[PDB]
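Report on the following structure.
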Amino acid sequence: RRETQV
Amino acid sequence: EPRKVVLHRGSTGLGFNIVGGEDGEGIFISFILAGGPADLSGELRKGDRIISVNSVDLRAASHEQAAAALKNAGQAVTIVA
């Protein structure tokens with residue numbers, strides 16, 4: 001479900 | 001029309017999540033961090049698509065591909081969305 005904080 | 005939003009990372013990074021890249025469908029701002037460089041710029045909102053980081057294209061980029069690019073974009077990250 002991939003979501004990344006950047 | 002896309003924007004050239006230059007950011008600067010803090011102890012929070014650029015201040016926004018991303019989603020997509022999961023199939024060539026592109027990267028999209030998934031959420032803005034209150035106080036973060038993104039938030040404060042008021043030039044990027046939940047939903048915006050990331051076209052490129054520091055001249056590097058991310059339209060077809062995969063998730064980790066955008067993740068990493070953003071991650072080592074330097075301290076002066078030039079974002080196009």
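Chain lettering (A, B, ...) mirrors the order of the structure tokens, residue numbering begins at 1 for each chain separately, and ligand numbering begins at 1 in order of display.
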
Just need the residues of chain B within 10 Å of chain A, counting only C-alpha atoms, so spit them out as a JSON list (two decimals) with N, CA and C atoms, in the first residue's frame.
[["chain", "number", "residue", "atom", "x", "y", "z"],
["B", 9, "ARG", "N", 15.48, 21.00, 3.29],
["B", 9, "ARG", "CA", 15.08, 20.08, 4.33],
["B", 9, "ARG", "C", 15.51, 20.43, 5.74],
["B", 12, "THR", "N", 12.93, 17.20, 9.48],
["B", 12, "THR", "CA", 11.70, 16.52, 9.06],
["B", 12, "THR", "C", 11.70, 16.20, 7.58],
["B", 13, "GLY", "N", 12.82, 16.50, 6.92],
["B", 13, "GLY", "CA", 12.92, 16.25, 5.49],
["B", 13, "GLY", "C", 12.25, 17.39, 4.76],
["B", 14, "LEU", "N", 11.50, 17.07, 3.72],
["B", 14, "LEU", "CA", 10.80, 18.06, 2.91],
["B", 14, "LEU", "C", 9.37, 18.28, 3.43],
["B", 15, "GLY", "N", 8.90, 17.35, 4.24],
["B", 15, "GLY", "CA", 7.58, 17.50, 4.84],
["B", 15, "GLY", "C", 6.35, 17.00, 4.11],
["B", 16, "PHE", "N", 6.48, 15.93, 3.33],
["B", 16, "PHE", "CA", 5.32, 15.40, 2.62],
["B", 16, "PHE", "C", 5.51, 13.95, 2.21],
["B", 17, "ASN", "N", 4.41, 13.19, 2.18],
["B", 17, "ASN", "CA", 4.47, 11.80, 1.78],
["B", 17, "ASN", "C", 4.23, 11.67, 0.29],
["B", 18, "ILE", "N", 4.52, 10.50, -0.25],
["B", 18, "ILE", "CA", 4.29, 10.25, -1.67],
["B", 18, "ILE", "C", 3.69, 8.87, -1.82],
["B", 19, "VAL", "N", 2.99, 8.68, -2.93],
["B", 19, "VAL", "CA", 2.37, 7.41, -3.25],
["B", 19, "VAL", "C", 2.43, 7.30, -4.76],
["B", 20, "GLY", "N", 2.32, 6.08, -5.26],
["B", 20, "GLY", "CA", 2.41, 5.89, -6.70],
["B", 20, "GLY", "C", 3.70, 5.18, -7.06],
["B", 21, "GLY", "N", 4.18, 5.40, -8.28],
["B", 21, "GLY", "CA", 5.40, 4.73, -8.72],
["B", 21, "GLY", "C", 5.16, 3.23, -8.67],
["B", 22, "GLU", "N", 4.11, 2.84, -7.97],
["B", 22, "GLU", "CA", 3.71, 1.45, -7.79],
["B", 22, "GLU", "C", 3.36, 0.76, -9.11],
["B", 27, "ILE", "N", 4.12, 9.60, -9.24],
["B", 27, "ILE", "CA", 4.20, 9.93, -7.83],
["B", 27, "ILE", "C", 3.29, 11.12, -7.47],
["B", 28, "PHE", "N", 2.57, 11.00, -6.36],
["B", 28, "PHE", "CA", 1.67, 12.07, -5.91],
["B", 28, "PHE", "C", 1.82, 12.43, -4.43],
["B", 29, "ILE", "N", 1.80, 13.73, -4.12],
["B", 29, "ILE", "CA", 1.89, 14.16, -2.72],
["B", 29, "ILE", "C", 0.75, 13.47, -2.01],
["B", 30, "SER", "N", 1.09, 12.71, -0.98],
["B", 30, "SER", "CA", 0.12, 11.96, -0.21],
["B", 30, "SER", "C", -0.33, 12.65, 1.07],
["B", 31, "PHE", "N", 0.38, 13.70, 1.46],
["B", 31, "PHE", "CA", 0.07, 14.40, 2.69],
["B", 31, "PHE", "C", 1.17, 15.41, 3.01],
["B", 32, "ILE", "N", 0.77, 16.53, 3.60],
["B", 32, "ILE", "CA", 1.69, 17.61, 3.96],
["B", 32, "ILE", "C", 1.90, 17.66, 5.46],
["B", 33, "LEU", "N", 3.15, 17.88, 5.85],
["B", 33, "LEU", "CA", 3.52, 17.94, 7.25],
["B", 33, "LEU", "C", 3.43, 19.37, 7.77],
["B", 38, "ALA", "N", 7.44, 21.81, 2.84],
["B", 38, "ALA", "CA", 6.36, 21.71, 1.86],
["B", 38, "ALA", "C", 5.23, 22.63, 2.30],
["B", 63, "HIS", "N", 8.17, 3.70, -6.92],
["B", 63, "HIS", "CA", 8.11, 4.31, -5.61],
["B", 63, "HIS", "C", 9.51, 4.57, -5.04],
["B", 64, "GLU", "N", 10.23, 3.51, -4.71],
["B", 64, "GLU", "CA", 11.55, 3.64, -4.15],
["B", 64, "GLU", "C", 12.42, 4.56, -5.00],
["B", 66, "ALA", "N", 11.47, 7.29, -6.54],
["B", 66, "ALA", "CA", 11.18, 8.68, -6.22],
["B", 66, "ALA", "C", 11.66, 8.91, -4.79],
["B", 67, "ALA", "N", 11.35, 7.95, -3.93],
["B", 67, "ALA", "CA", 11.75, 8.00, -2.53],
["B", 67, "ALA", "C", 13.24, 8.33, -2.40],
["B", 68, "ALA", "N", 14.07, 7.52, -3.05],
["B", 68, "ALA", "CA", 15.51, 7.72, -2.98],
["B", 68, "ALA", "C", 15.95, 9.04, -3.58],
["B", 69, "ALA", "N", 15.43, 9.38, -4.76],
["B", 69, "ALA", "CA", 15.80, 10.62, -5.44],
["B", 69, "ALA", "C", 15.54, 11.82, -4.53],
["B", 70, "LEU", "N", 14.35, 11.84, -3.95],
["B", 70, "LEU", "CA", 13.97, 12.90, -3.05],
["B", 70, "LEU", "C", 14.89, 12.92, -1.85],
["B", 71, "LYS", "N", 15.18, 11.72, -1.34],
["B", 71, "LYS", "CA", 16.03, 11.51, -0.17],
["B", 71, "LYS", "C", 17.44, 12.07, -0.26]]

(message) To one decimal place in Å, what is the distance between atom CA of residue B:2 and atom CA of residue B:72?
(response) 22.2 Å

(message) Neighbouring residues of residue B:5 were defined as those with any atom within 8 Å, considering only C-alpha atoms; residues of the same chain fewer than 2 positions away were excluded. Please report them as a PyMOL selection string.
(response) chain B and resi 3+7+41+43-44+78-81

(request) Work out how far atom CA of residue B:34 is from atom CA of residue B:1, in Å to one decimal. (result) 25.2 Å
